[PDB]
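Chemist: these chains are from a complex, not moved at all, and more is on the way:
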Amino acid sequence: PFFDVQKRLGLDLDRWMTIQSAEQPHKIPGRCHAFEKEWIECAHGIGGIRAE
Amino acid sequence: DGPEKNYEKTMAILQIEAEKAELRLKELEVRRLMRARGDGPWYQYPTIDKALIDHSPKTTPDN
Amino acid sequence: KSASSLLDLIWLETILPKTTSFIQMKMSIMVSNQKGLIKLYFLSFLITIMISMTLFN
Amino acid sequence: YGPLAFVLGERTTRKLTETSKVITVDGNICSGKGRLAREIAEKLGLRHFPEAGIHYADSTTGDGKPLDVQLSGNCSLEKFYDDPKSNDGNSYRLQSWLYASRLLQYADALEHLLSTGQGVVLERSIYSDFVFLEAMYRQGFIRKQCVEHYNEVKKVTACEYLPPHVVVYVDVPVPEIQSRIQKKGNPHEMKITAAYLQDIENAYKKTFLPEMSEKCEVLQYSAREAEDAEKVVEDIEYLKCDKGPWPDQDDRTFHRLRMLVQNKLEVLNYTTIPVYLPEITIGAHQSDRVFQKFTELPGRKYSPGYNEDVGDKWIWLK
Amino acid sequence: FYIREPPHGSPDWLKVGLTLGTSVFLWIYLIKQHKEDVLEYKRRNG
Amino acid sequence: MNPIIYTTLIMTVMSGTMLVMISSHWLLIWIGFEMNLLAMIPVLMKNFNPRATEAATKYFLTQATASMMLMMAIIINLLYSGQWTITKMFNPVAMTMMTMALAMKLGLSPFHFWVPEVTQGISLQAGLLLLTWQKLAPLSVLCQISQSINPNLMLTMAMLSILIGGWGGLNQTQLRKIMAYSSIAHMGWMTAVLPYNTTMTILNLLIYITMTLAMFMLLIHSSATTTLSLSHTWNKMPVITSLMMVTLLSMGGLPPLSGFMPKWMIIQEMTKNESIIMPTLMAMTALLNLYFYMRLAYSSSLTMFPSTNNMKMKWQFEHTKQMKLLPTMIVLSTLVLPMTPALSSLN
């Protein structure tokens, strides 16, 4: 039971550290920012089964 | 009552139950196909939201 | 003798009800060893972890 | 009272005062301890609890009137006096029932003390009830297994209660007690032997009084000394309060004790421990019949206040 | 009858009134909700 | 323990479970598990006894090992994926380690050994929390990662859990140990359908929670911890033992009682996926649980045992503590079978 209260109330409790492509202090990019960005934008909304 | 009342009631019941059986088989096939392909509104396991990605000038030019 | 005792009150019962209940009782005694020592079932946990890693990869 | 009251601020330490003490006036059979206890209660202002008998629980529950022997107690002191070696187990059954009655009495006393704040003057106590049991065992009325069951029951219930601050003991000798009994009038009491009273005195002076003196002060008075209530009261008013574990009590343990003593079924939880002694083990058919008889008493069928037969009304909205 | 007055005793008219009010309010809210749902269902279809 | 402190500890346990069921980050799930353990240990030791200390130590050791394995699995998944979100785990070894850790937290066999001991050591009040609320977080985590769960390992654990729970329940005369083994069997039943349909796992969890709440509250209302002590309850309060018999029959999975709902739906879902041997074996093995429930029903209500003389005094007094949820939990655990099509609301 993933009660997604964050998406409901709009709060951001831990989605800021889930990925290294998110906003980071002083805009320090992750070592694989480009690859993760491509993977996330490719697999956005199509579902996990298709994304695999 | 008349013998035709039970006749028509039986016809209606048979129609309803046959529709139920056909719908159950259809639902099983639909669920199997959706789970196998993941191209429908069901079995849509979540992925990373692309709104978290920061499209701002980073520190290193090669991003 | 051949029916009333031998089959009904003896073999029929021995073949299905009595045998099964006895097996279940023995398994109950085995599982509930009434030891309660961490040193034993933590080693069992280690063995289980190793076996799961070997089998299911 | 509950956890909410403790959180909101109701603390028993505020209620405790100089005279917030539990006093147990002990003594041998017909030692006149009752008059001394009453006189102590009158002058110190404390509440007096007459010694718990067979029908003490009947007084606290219901109409306050004793129930039938078949229902409330299933034992007789008179039968024990007549035949102390009966094969019905009446002796040990009576002893266990009296221990249960005194356990309830002690709980009610502590409750009253912890709620109202007024002190309590009890006659004997669960701590002093073992004297009779030991005397019965020494006389041979009850066997060893009954003593073992009594010890098992006692060690689980008495531990949750604080011993009395003051233990007043009357020390009327055995021959004087025999004379009083033979002049009292009750033939059943006259049937009491000499070794029984002697063993009662031996237990009192060997185990109870020394052990109580280990915990707190133990005042002692003879027949003449106990007849001066002012003298006994003055001693209590000048006793060293250090005696007893009560100064070692905070609002936490007081909250625990007050929660315990308000739930009588929790108080008597371990009284009915499933030890199948033939002297107390009531059979299934007899248990069913006696319970059905109890349930048919006026006011004993439903919970208090919902018995329409005894005048309770508004039950539909109650 | 009882030497100690019953812990329930005379009815707790506060609690009884609260219970009755809650039940009546629940029934009224349920009826109003059902009416609104019927009206909305008719509106969204015709 | 101060009531304020006890309420804070209970709220901390609940907040740990809600953190596990609410976060989207693996680190926060592990944090919620840690908070649950930290606030559960003193709750286990509310009443100080050597048995309570032993139960707390064993529970702490087991949960600590499970949390270490879970964090190792999380770290390996991060290493092989660079992801913290609760999603399709991208490493099979990490998946296996996490499955072992979560099974150890739930008490799925062969990680079942601590449950009968910890349950017996703690009081009924703590046992209820341990056997009902402490199953929410690991089950939620398993339901979130059911896609990546290796079906073979989970099914083996479920079948072993059912077998071992039934076998262990037969040799037990302590009520708390019987409840612990029944909990193990029901956890196996719940985890059997995890790879297939998680809503059936949720339904089974709800039904089991209602049944166990009813049973533990009846035990508290009777202050009974052994079969002999519970037997005396027929004399003082026959209603309690009759309701206990009904709830035991429900726990056995006998229709038309509510306990038939989870087993029926689980068998349905497992047969929809062409698994016919496993549900049949599970149904047959449930008969051991039904056996020890029936034995308890005999000793408690169906047959009357010898009481003691001192129950006469207890007859006069009425229970003061009132559990307001007990009638509702009894009703929901016995007479909700005509309401199965409500399954959709759990979707």
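Modeler: Noted; the coordinates are in hand. Numbering: from 1, shown residues only, chains lettered A, B, ... in the order given.
Chemist: C-alpha from now on. contacts and neighbour counts both.
Modeler: Will do.
Chemist: what about residue 34, is that helix, strand or coil?
Modeler: In the absence of a named chain, this looks at chain A. helix (DSSP: H, G, I helix; E, B strand; the rest coil).
Chemist: The one 3 residues further on now?
Modeler: Three-state call for residue A:37 (three-state DSSP): helix.
Chemist: does it really touch residue B:52, like I thought?
Modeler: No. Under the criterion of Cα atoms under 8 Å, residue A:37 makes no contact with residue B:52, lying 9.7 Å away.
Chemist: any residues in contact with both of these two?
Modeler: Residues touching both residue A:37 and residue B:52 (Cα atoms under 8 Å, 6 or more residues apart in numbering or on different chains): residue A:21.
Chemist: residues touching the residue in chain E that chain D sits nearest to, list them.
Modeler: Nearest residue of chain E to chain D (Cα to the nearest Cα) works out as residue E:2 at 4.7 Å. Residues counted as contacts of residue E:2 (Cα under 8 Å, 6+ apart) are D:61, D:62, D:63, D:64, D:304.
Chemist: The residue nearest to residue F:347 when sequence neighbours are not counted: neighbour count?
Modeler: The shortest distance from residue F:347 to any non-neighbouring residue, by Cα to Cα, 6 or more residues apart in numbering or on different chains, is to residue F:199 (6.1 Å). Neighbourhood size, residue F:199 [other Cα atoms under 10 Å in any protein chain shown]: 20.
Chemist: what's the answer for residue D:187, then?
Modeler: For residue D:187, using other Cα under 10 Å, the count is 14.
Chemist: related to what we said a few turns ago, among the contacts of residue E:2, which lie within helices?
Modeler: If you go by DSSP state H, these have nothing in helices.
Chemist: Report the buried members of the residues you listed.
Modeler: The neighbour count (16 or more other Cα atoms under 10 Å in any protein chain shown) marks D:61, D:62, D:64, D:304 as buried among the contacts of residue E:2.
Chemist: then chain G, please:
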Amino acid sequence: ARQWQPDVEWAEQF
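Modeler: Now chain G, sitting on the chains shown earlier:
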């Protein structure tokens, strides 16, 4: 005549 109604010997088995 009556129902068997477990005795102490039976009860001590449990």
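Chemist: Please give the element, helix or strand, for the residue sitting nearest the centre point of chain E.
Modeler: Chain E has residue E:23 as the residue nearest its centroid, 0.9 Å off, counting by Cα atoms, centre = their mean. According to DSSP states H and E, residue E:23 maps onto helix E:13-45.
Chemist: Next up, the contacts around the residue nearest to the centre of chain E.
Modeler: Contacts of residue E:23 by Cα under 8 Å, 6+ apart: none found.
Chemist: contacting residues for the residue nearest to the spatial centre of chain D?
Modeler: The centroid of chain D falls nearest to residue D:102 when counting by Cα atoms, centre = their mean (1.9 Å). By Cα under 8 Å, 6+ apart, the contact list for residue D:102 reads D:51, D:52, D:125, D:126.
Chemist: so the closest residue to residue A:14 other than its chain neighbours bridges to which residues?
Modeler: Of all residues not flanking residue A:14 in the chain, residue F:25 sits nearest, at 5.9 Å (Cα to Cα, 6+ apart). In this entry, residue F:25 is beta-bridged to residue F:85, by DSSP bridges.
Chemist: so what's residue F:25 up against?
Modeler: Going by Cα under 8 Å, 6+ apart, residue F:25 touches A:14, A:15, A:17, A:18, F:84, F:85, F:86.
Chemist: Output those in a markdown table; the columns should cover neighbour count.
Modeler: Listed next are the contacts of residue F:25 as a markdown table, based on neighbours: other Cα atoms under 10 Å in any protein chain shown:
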| residue | neighbour count |
| --- | --- |
| A:14 | 16 |
| A:15 | 19 |
| A:17 | 18 |
| A:18 | 19 |
| F:84 | 22 |
| F:85 | 22 |
| F:86 | 21 |
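Chemist: tack on chain H:
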Amino acid sequence: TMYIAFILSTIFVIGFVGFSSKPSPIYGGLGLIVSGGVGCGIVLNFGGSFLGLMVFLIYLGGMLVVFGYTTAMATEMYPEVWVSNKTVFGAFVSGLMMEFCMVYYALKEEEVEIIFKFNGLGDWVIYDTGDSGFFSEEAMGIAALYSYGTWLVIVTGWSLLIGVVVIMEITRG
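Modeler: Take a look at chain H, now in place beside the chains above:
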């Protein structure tokens, strides 16, 4: 000196074997001390100055309270060392042999797959060629705990306070 990290990791494994064989807890203490110091060295070598010094400092303070207890609770008239019991010595030797076998297999055979796939090349390879500028990236990311990780701060603080409460409740009898 191109394999400093590998040597430190081997010493890490050695210390883990040392306190995993269960000698007297006093000796397990220095085993954990060595392991923590060498892990701090590894983290320093990978650029984690603050993180490595942090593990070093915390474990140094934590093992002290353990030592206090070893002399109060786990105090055996004859405390046992790694060469005092054949069980402890056997565990120590088995751990050392396992470590040596895996090290030899990893080194002489470049690609080694025991459970995961390990490459025999030096750890220097995986390092990045980027420039952090006027930054201590680890320090900035850690300091982002009070700006970005407000929720983490709240939960950790609550857990620490509840930990104090739990310790007091447990150690009260």
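Chemist: give the contact list for the residue of chain C found nearest chain H.
Modeler: Residue nearest to chain H within chain C (Cα to the nearest Cα): residue C:57, separated by 8.6 Å. By Cα under 8 Å, 6+ apart, the residues touching residue C:57 are F:92, F:93, F:96.
Chemist: show me which of the residues you listed neighbour chain B.
Modeler: Among these, no residue lies close to chain B (Cα under 8 Å from any Cα of the partner chain).
Chemist: which one of these is nearest residue D:278?
Modeler: Closest approach between the contacts of residue C:57 and residue D:278, by Cα to Cα: residue F:96, at 58.6 Å.
Chemist: The closest one reaches residue C:53, doesn't it?
Modeler: Yes. Residue F:96 lies in contact with residue C:53 (Cα under 8 Å); the separation is 7.2 Å.
Chemist: send the alpha carbons of stretch F:78-92 over as PDB?
Modeler: In PDB, the C-alpha atoms belonging to stretch F:78-92 read as follows (Å, rounded to 0.1, in the frame of the first residue of the first chain):
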ATOM      1  CA  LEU F  78      21.600   1.700  -6.000                       C
ATOM      2  CA  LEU F  79      25.100   0.500  -7.100                       C
ATOM      3  CA  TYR F  80      23.600  -1.400 -10.100                       C
ATOM      4  CA  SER F  81      20.900   1.200 -10.900                       C
ATOM      5  CA  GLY F  82      21.700   4.600  -9.300                       C
ATOM      6  CA  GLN F  83      18.100   4.700  -8.100                       C
ATOM      7  CA  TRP F  84      16.400   5.100  -4.700                       C
ATOM      8  CA  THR F  85      12.800   4.900  -5.800                       C
ATOM      9  CA  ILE F  86      10.600   2.000  -4.700                       C
ATOM     10  CA  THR F  87      10.300   0.400  -8.200                       C
ATOM     11  CA  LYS F  88      11.300  -2.700 -10.200                       C
ATOM     12  CA  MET F  89      14.600  -3.600  -8.500                       C
ATOM     13  CA  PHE F  90      17.300  -3.900 -11.200                       C
ATOM     14  CA  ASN F  91      19.500  -6.600  -9.500                       C
ATOM     15  CA  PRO F  92      18.500 -10.200  -8.900                       C
END
